[PDB]
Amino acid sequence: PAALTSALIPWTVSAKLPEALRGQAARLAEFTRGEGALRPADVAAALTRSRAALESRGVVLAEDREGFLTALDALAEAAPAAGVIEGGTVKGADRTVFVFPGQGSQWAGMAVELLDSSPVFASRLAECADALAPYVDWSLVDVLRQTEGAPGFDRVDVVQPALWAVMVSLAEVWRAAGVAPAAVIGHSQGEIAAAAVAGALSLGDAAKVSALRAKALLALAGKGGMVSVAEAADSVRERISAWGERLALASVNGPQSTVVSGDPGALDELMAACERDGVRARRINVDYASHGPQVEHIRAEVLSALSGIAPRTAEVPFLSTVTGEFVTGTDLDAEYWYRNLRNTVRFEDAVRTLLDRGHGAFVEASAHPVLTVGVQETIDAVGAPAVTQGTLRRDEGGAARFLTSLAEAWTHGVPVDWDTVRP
């Protein structure tokens, strides 16, 4: 099965330097100008295969001759345009980290266009739907589409497993396209998708954790919230200390980027306090306070719902944002999944760990990028040569956006296999 199948076709070029790259673009443009009956699949073939690509890289995506012309002329002039991607390779980019976020990446119609342009997506997502089916009464594809008849994303027991299934399925497209993860990292619920991709849970077990943990959370909905605070974790911890159990440090996403959870009234006064200090604080659109004391109320339920899972050794390294260490995978039992919900998400710490181990590329396997800013903030503060990128975006959930994500990656030295993308 193809990773993607699209009318948008990629042509790849590379050189030893930017300036020579731009020359290759012009040569290619000269060739297409005189071509006439151009066969763009033939050209793409010819550009890739055996040839090993150089450090400075470019991709143009287009459906026809005229589209290739517009894109190549822009590439050759360093002008920016749709379907033009350019970049240079990054040390350690082939040790690519997959990132699985939590909440916030959903949108009506997310990835549903891919169903048609990706056999690998469609079949992994159908497996996710089978895995979920003992646990849920709604239809996965109908919820993704938000068809009349399906429940909405305003239910935590709907949105969380739908996102789980999307992220598990997007990751497998990256894999089918030749991008094997060197490690996975997850953010809250995202760890559940990460565990499934890494092989530390079966798909059935990961679906159960996703669905049944989300149901337990129903008891917290409407009783709390979260706010982002653009302040370092240490300062935030000191600041919220005054409120006690009414607030909690829910996530540390970057050196100046944290999320605080807790009771609605406490969150209002936290924001006012931040504002007083010139610190940007913003209310996130969720109505539960996870990663804090409220979660104690569903502990026994979570522990009991998930007593039967069978975690097992992970085939892809899994760096816990709960413990801040790589795990074997056999430790991802009910108590782990409770801890994940109860405790601070140490996202920045994990990223720093991976950066120090020389990983050069981070890929968010999501429907919309929500952690790409926080990865970039930690990359910048460390000064590492590494890149971060997403997969899809809101209102762009098909092969067009995915191909352009693969292109960005490839330009940075992520080892995309262009054969896997078919006309």
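Start at 1 with the first residue shown and count on from there.
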Comparing 128-136 with 76-84, which stretch shows the greater average C-alpha B-factor in the deposited entry? 76-84
Where do the C-alpha atoms have the higher mean temperature factor in this entry, in 268-276 or in 192-200? 268-276
Among 145, 346, 208, 342, highest Cα B-factor in the entry goes to 145
Check the PDB entry and point out which of 350, 249, 165, 180 has the largest C-alpha temperature factor. 180
Among the modelled residues of its chain, the C-alpha B-factor of residue 329 falls in the third labelled middle
Quick check for you: using the entry's CA B-factors within this chain, is residue 70 in the lowest, middle or highest third? highest
Among all modelled residues of this chain, ranked by Cα B factor, put residue 184 in the bottom, middle or top third, i.e. lowest, middle or highest. lowest
Would you mind checking where the Cα B-factor of residue 58 ranks among the modelled residues of its chain, as the lowest, middle or highest third? middle
Record-listed C-alpha B factor of residue 222: chain third: middle
